[PDB]
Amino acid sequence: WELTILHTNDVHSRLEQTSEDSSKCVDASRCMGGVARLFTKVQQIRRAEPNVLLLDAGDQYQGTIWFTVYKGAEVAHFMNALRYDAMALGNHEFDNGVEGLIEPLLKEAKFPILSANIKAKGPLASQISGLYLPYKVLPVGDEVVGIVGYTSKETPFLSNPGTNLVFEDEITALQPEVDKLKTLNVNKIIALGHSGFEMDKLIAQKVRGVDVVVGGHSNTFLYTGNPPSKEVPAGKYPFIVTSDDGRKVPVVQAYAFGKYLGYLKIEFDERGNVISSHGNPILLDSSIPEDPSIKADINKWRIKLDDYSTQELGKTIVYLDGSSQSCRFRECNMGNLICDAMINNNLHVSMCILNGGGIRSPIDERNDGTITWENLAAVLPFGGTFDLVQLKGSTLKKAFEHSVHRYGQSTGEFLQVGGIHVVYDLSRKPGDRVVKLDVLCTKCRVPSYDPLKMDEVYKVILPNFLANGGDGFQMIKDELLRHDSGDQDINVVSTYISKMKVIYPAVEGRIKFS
């Protein structure tokens, strides 16, 4: 018995087709993804294959003006029109709190929403009871497939789920749920969730009875053969894990932003054993036409969003690189721009630090360089604040050592800077990679760069996320000597662009490697 699993993850409000880098579609002839194109491809596979499941591994929430305005109502609506079979909750599904998850999505989805390791307590338990489920048994032709969900244990430190939700260890919460399915004679079981590729491999290894793992959270691109675009595969598709009980368990993920439709075909025997599996994610490029019905419905919902692109804030004559392959690995000019807007809005305060993972989109300059509220909303969608903090020289040095402690994994903690000249030597031991750290003086008439002093104290502008110890910056939350709340992140950057009129940030050598 053959099963076709179609899967998306980390779509992040890319409801309309996008540029190849996932920013706003400017050149329509080479645009990618979007729910209208996704619908065409799914439909084509549903005609060809009898046993199809369309799954989402979370993080449909947050990313573009679509979510800023519609707050998840667009997610429920367009996921229903695509006839998704199930969805696992991701961390961004808690961004507007539990109320922002319950009212627009949990109450409006025509498909089960899953998570087995999320436990509700206190006054919330009675309110959220049954709105999400640990698992769902789905009829697929003449058989049944059991789907178990899971969500990142790190959600309380990444989002706003509130104090009445407990995020348990995925493996500990999944085993009794999979055990329960085996007793109801469900012999085909998919673990669908949002904890990242490393957790996905461990669940494949440790949770007895799991046949396939469909994941997300780490924007993992997997491919067999020659990749069709910019994305470099982290492994073969499917990634095979040998479980502790000796089974070959396929592990799948499909990057992010709706650029690819994950596609895996599994051959099961009558007892639910996996004989074989094969596939690859499908590039949703311009060769696949957008569905007309879905596009016309998208264009209806698009009307209300047009007042966020009517006003021109300013222009860029440079590509504004807010891509994760740049901003999580080296100095990126989107990072320099945002840090220059942070220092400019506060002017003394000479220094800025900004987690690269907080930059969520590039901005393309070819649209006659137009920067709208819509372009900026994709770069900074969280609605955070840029705060002033007082730090020891020693604390700041620990922060920069933390910035590169596990360098090479596309982790969000890599810092973009302003008024700081840092030099890293990656050949050195974690916690000892900063070889040079020069800072801009504040107690001088002519600002210039001098080596940071451990026994000195400095004023730093940074996101409140970092001031509260986000991204593992425990030393900042713990060791800060003063904290003042600042202005709204998007307004800081918007005011600066308007002031400059035309912007051209460069990669200047604020961050170097030795």
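The numbering used is simple: start at 1 and walk along the sequence shown.
Asker: Enter the number of deposited residues without atomic coordinates between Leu347 and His348, binned as none, 1 to 3, 4 to 9, or 10 or more.
Answerer: In the record, 4 to 9 residues between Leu347 and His348 lack coordinates.
Asker: I need to verify one thing: averaged over C-alpha atoms only, is the B-factor higher for 461-469 or for 55-63?
Answerer: Per the PDB record, 461-469.
Asker: Where do the C-alpha atoms have the higher mean temperature factor in this entry, in 199-207 or in 391-399?
Answerer: Per the PDB record, 391-399.
Asker: If you check the C-alpha B-factor for each of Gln416, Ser243, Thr310, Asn187 in the entry, which is highest?
Answerer: In this record, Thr310 carries the highest C-alpha B-factor of the candidates.
Asker: Going by the deposited entry, which of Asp291, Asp321, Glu93, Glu177 has the highest CA temperature factor?
Answerer: Of the options given, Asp291 has the highest CA B-factor in the PDB entry.
Asker: Using only modelled residues of the chain, where does the Cα B factor of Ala256 rank: lowest third, middle third or highest third?
Answerer: Within its chain, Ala256 is a lowest-third residue by C-alpha B-factor, going by the deposited values.
Asker: Sort the modelled residues of this chain by their C-alpha B factor and say whether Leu305 lands in the lowest, middle or highest third.
Answerer: Within its chain, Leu305 is a highest-third residue by C-alpha B-factor, going by the deposited values.
Asker: With respect to C-alpha B-factor, does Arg83 fall in the lowest, middle or highest third of the chain as deposited?
Answerer: For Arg83, whose C-alpha B-factor we compare with every modelled residue in the chain, the answer is the middle third.
Asker: Using only modelled residues of the chain, where does the Cα B factor of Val75 rank: lowest third, middle third or highest third?
Answerer: As the PDB entry reports it, the C-alpha B-factor of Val75 lands in the middle third of its chain.
Asker: Please place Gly100 in the lowest, middle or highest third of its chain according to the CA B-factor in the PDB entry.
Answerer: Top third by C-alpha B-factor.
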